[PDB]
Every structure is written in C-alpha cells, then in structure tokens.
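J.: This structure is in structure tokens; I'll ask about it shortly.
There are 2 protein chains.
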Amino acid sequence: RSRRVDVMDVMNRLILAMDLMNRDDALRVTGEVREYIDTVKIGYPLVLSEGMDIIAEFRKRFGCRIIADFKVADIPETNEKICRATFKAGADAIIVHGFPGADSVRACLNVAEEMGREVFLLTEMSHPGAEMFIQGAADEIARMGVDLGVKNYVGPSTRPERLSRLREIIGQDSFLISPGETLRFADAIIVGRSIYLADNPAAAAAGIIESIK
Amino acid sequence: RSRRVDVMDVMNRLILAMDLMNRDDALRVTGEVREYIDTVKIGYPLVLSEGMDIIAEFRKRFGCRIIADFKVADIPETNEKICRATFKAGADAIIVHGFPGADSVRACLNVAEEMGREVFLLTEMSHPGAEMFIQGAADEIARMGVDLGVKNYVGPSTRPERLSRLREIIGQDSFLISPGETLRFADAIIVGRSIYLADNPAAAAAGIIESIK
Ligand SMILES: O=c1cc(O)ccn1[C@@H]1O[C@H](COP(=O)(O)O)[C@@H](O)[C@H]1O
Ligand SMILES: O=c1cc(O)ccn1[C@@H]1O[C@H](COP(=O)(O)O)[C@@H](O)[C@H]1O
Ligand SMILES: [Ca+2]
Ligand SMILES: [Ca+2]
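Going line by line, the protein sequences match chains A and B. Quick note on numbering: the first sequence equals residues 2 to 180, 190 to 223 in PDB author numbering. Quick note on numbering: the second sequence equals residues 2 to 180, 190 to 223 in PDB author numbering.
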C-alpha cells in the first residue's frame, strides 16, 4: 500500500506498543528504537503506573508520535473529558471503542477536531472473548465509522480476511493499523513484546523491518 | 431492599460520582459530603488530570470507599495490568465492560480475587447511542456475569423496567448500583453533578437522602 497524503505517516510502518509499566524501562526501550520507529502506542498500564506526564516526556525526549490506546468507552459527556485530558497531556491520537454507539464516538471526534488531533476507531479485537459480542458488531461499527467521517481505524491482524473485509467497508484511503499479508490491507503493524522484551530491542525492531522489505 | 451481609454497605445508598477534573474542587466537595456519603466513584477525567495518587488521597483524607469507574474494555492480558495498577493505587473496586467478552471480564476477576478487591460488571448504559449495540447485548452480558460468579453490577436508572429485568437475571442477592423507585431494584444510586455543582454540596446530598425515606 502506498502512503495517502491526507493520513499519518508511520515510519517503517511499525508502531511500538509500549506496555511496560515502569518509566525507566519504557524510556530505555523507546529511546533504543527511535531510529526505526517514530510512532509509539501507550496505554493505561504505563500511564496509570507512571502518570500522564509520561506522554510529554516521550515527546520531549524522542519526538515520537503518541497514540493513546485508552479504548474510550464511556457516555458522550465523559468521553469528551477523557479526550480533552488526553490531548492536553500531548497525545496525537486516541483509540476509541465503537460498541457504545455513534454519539459516544462523535463526542471524541468533536474534541479531536477542536484540538487538531486524531481519533482511531477500534472495529474488532483479537482475543477469544471477542467472538461473543464484538465479532457480530464489527462490520456495523466500521460502517458507523464511515458515517461519522472517521479516517483512522484499528483492526486485528490474526484473521487477514477480516482486514480485507474491513478495508472493503472503510475504503482504500482511510488509515488502518493492526496489532506480511497484514500490510496488504493495514498501513502499519503494531508490535509490543517482541521488541520491548528482547535483549536488543533495536535489533528486534531492525529484524521486523527487514521482513517488511 | 434490605442489605445483604455478603456485599458492600454503601452509606445512605448514595454514591458520589466525582467527575470534577481539578484536585482542589474534587477534594473540597468530597470532604463536605463525607457525613452523608462513604462511597465515591472516581473516573478517568479526574485521575488523568490529577494522577492516580488522588485515590490514596481521597482514602487518607476521608476514608471513603473508592470505585474506579474505568469501564475496563481491553484484551485479557491488558485488563489484568489495568486492574493491578488500579488496585495498587488503592481503589476498592473497578467497573468493567462486558461487551469484550468472558475472558476479558475473568481477567479482572482474577486480579480482584488475588488482591481482595471487587469487580462491578457494567451491563448496560443510558445514553442514546447505547441502543445501537449495548442494549441488544445487555441481557446476555448480565447472564455472562452470573456465569462468571460476578456479585456486583451497574445498570441504568432511566428505564426502571430494565432494572427489574436485570434484577431477574442477577437474582435477589447480587449488589446493583445505578446512575426514588430505582431503589426498589438497585441497592444504591450514583449522583454526580446535582451534588458537586451545587453551591452547598452537603445540602444537596442531604436533600437527596431525605428523599430516600
Ligand atoms: O488493542 C489491541 C487489540 C487487539 O485485538 C490486540 C492487541 N491490542 C493491543 O496491542 C498491543 C499488542 O502488544 P503485544 O501483544 O505485546 O505485541 C497491546 O497493547 C494490546 O493490548
Ligand atoms: O457510568 C455511567 C453509565 C451510565 O449509563 C450513565 C452514567 N454513568 C456515569 O455516572 C456518572 C453520572 O454523573 P451525573 O450525570 O453528573 O449524575 C458519570 O460518571 C457517568 O459517566
Ligand atoms: Ca500520509
Ligand atoms: Ca452488606
């Protein structure tokens, strides 16, 4: 897939999922791979452990793009506050759930347009429990995103034919990230433990990127 | 409803939803109503603005029970970390979504079992967008809770016949909280802005409590 001008550029199509819960270890690994990766996904395990100030630290130290994987899933008024606080902290983008419906997603889009940031709609998840409710809703949530002007999506890499279906719904231009055949549909992949648990994170990141070639 | 010995006692059946985003205002209001309320629900708007350390502060200053309304909705491994960090910070209980499925919920229950804390399963939400996916899943999510040994639930107060339905699924002993006759089905109500935006919060809390007679 070629880059679309109107959506974000992720260096080497590789997003680091930084789910270490200790500030020292998180900063060490991220600094090590900065020459390979410019986009870092940070979630609640790190921010609840170390504080939201860690976002600004990642930005001041590494100048990386930060996606807050907060899976926002509240009522509209609350979603607005969560997004505002998160963007105020310096996040470039936030991941939101679609299951709570269109108004809850729109609340996030509103704050993001006010503040000049981005919203990623999470369409589907990879874990077994996702079969119970999320799987059956995934296509409709994706279509809802399209009808909300959403331009950034998250989908699972485990079942590639699901990404093909997703890509059919969202169209060829929207930005899609996913936690080889994956990159025929997604614009970037998300990798955590294979990098941040390796003895040489920079080598792990380099190896993955060589495969992408 | 009479109190069940095996579930939590909420003073006056009134939970304060503290969604102010400034530490000073949040602490002021909570201290003022402590003689009326012993259980406070804190969500991401406050903790992302002020830090997770705010939880220990509420506890050390007021000795109130803290419910973290974090609407946990990630994959199982991530849910585990979020719950661990949240309980480590001192929360007595956490609210989790059921739509990501049974394994995601059980992950939270496992940590709560380990750490001696409680999980509230959110069955349904009250905003209009909840009609799209959540409403249709609500009964199945409640039944899922029953089959996960869940003893604490959250349901909407706006449609009372929905609480009666919920109560039929979860049985007469499980603990149910809901954001008058609401208390025929729920064990406590959750009130935010009517208390924390009033000129005299202690008076607003008193007025609501008098209605509970
Ligand atoms: O958000 C999703 C949705 C999925 O379907 C799968 C993983 N994830 C997230 O992606 C990340 C994957 O990290 P890894 O499994 O260590 O490579 C982690 O933060 C996990 O919570
Ligand atoms: O968790 C739910 C689920 C609902 O269906 C409705 C409100 N809530 C939460 O309950 C709280 C209600 O606060 P209030 O509307 O100010 O009274 C607030 O934190 C809101 O996010
Ligand atoms: Ca681009
Ligand atoms: Ca009791």
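Just so it is clear, CB atoms sit at the ideal spot from N, CA and C, and this is done for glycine as well.
(1) Using 6 Å as the cut-off, classify the Cβ of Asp209 (chain B) as near or not near the heavy atoms of ligand 2, replying yes or no.
(2) Kindly indicate which three-state DSSP category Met19 (chain B) falls into: helix, strand or coil?
(3) Which one or two residues does DSSP pair with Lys61 (chain A) in a beta bridge?
(4) Would you say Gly91 (chain B) faces chain A, with C-beta separation under 7 Å as the test?
(5) Reducing DSSP to helix, strand and coil, say where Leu149 (chain A) ends up.
(6) Can you give me, in chain order, the residues of the stretch 97 to 113 of chain A that have a beta carbon less than 7 Å from any beta carbon in chain B?
(7) Could you tell me whether the Cβ of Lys42 (chain B) comes closer than 7 Å to any Cβ of chain A?
(8) Using a threshold of 6 Å, is the CB atom of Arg160 (chain B) nearer than that to any non-hydrogen atom of ligand 2?
(9) By how many angstroms is the C-alpha of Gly190 (chain A) removed from the C-alpha of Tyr154 (chain B)?
(10) Please work out which residues of its chain come closer than 6 Å, Cβ to Cβ, to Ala18 (chain A), disregarding the five sequence neighbours upstream and downstream, and give them in chain order.
(11) If you reduce the DSSP assignment to three classes, tell me which class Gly137 (chain A) lands in.
(12) Going by C-alpha to C-alpha distance, which of A:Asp70, A:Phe63, A:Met22 and A:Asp39 sits closest to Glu119 (chain A)?
(13) Tell me the DSSP secondary structure of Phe100 (chain B) in three-state form.
(14) Taking one C-beta from the stretch 59 to 67 of chain B and one from the stretch 89 to 97 of chain A each time, how about it: are there three or more such pairs within less than 8 Å?
(15) Just reading off the beta strand (DSSP E) that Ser179 (chain B) is part of, what are its end residues?
(16) Report all residues from its chain with a CB closer than 8 Å to the CB of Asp7 (chain A); omit the five preceding and five following residues, and keep chain order.
(17) Would the beta-carbon of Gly99 (chain B) fall within 7 Å of that of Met145 (chain B)?
(18) Cβ of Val120 (chain B) versus every heavy atom of ligand 2: is any distance shorter than 6 Å?
(19) Enumerate in chain order the residues of its own chain whose CB-to-CB distance from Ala208 (chain A) is below 6 Å, with the five nearest sequence positions on each side excluded.
(20) How would you list, in chain order, the residues of chain B whose beta-carbon sits under 7 Å from the beta-carbon of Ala131 (chain A)?
(21) Using a Cβ-Cβ cutoff of less than 6 Å, which residues in the same chain neighbour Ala139 (chain A) once the five nearest sequence positions on both sides are dropped?
(22) Give the residues of chain B in contact with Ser127 (chain A), contact being defined as C-beta atoms less than 9 Å apart.
T.: So, from the data block:
(1) no
(2) strand
(3) Beta-bridge pairing links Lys61 (chain A) to no other residue.
(4) no
(5) coil
(6) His98, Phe100, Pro101, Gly102, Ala103, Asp104 and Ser105
(7) no
(8) no
(9) 43 Å
(10) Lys42, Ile200 and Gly202
(11) helix
(12) A:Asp70
(13) coil
(14) no
(15) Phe176 to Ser179
(16) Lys152 and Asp174
(17) yes
(18) no
(19) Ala214
(20) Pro101 and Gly102
(21) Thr124 and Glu125
(22) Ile76
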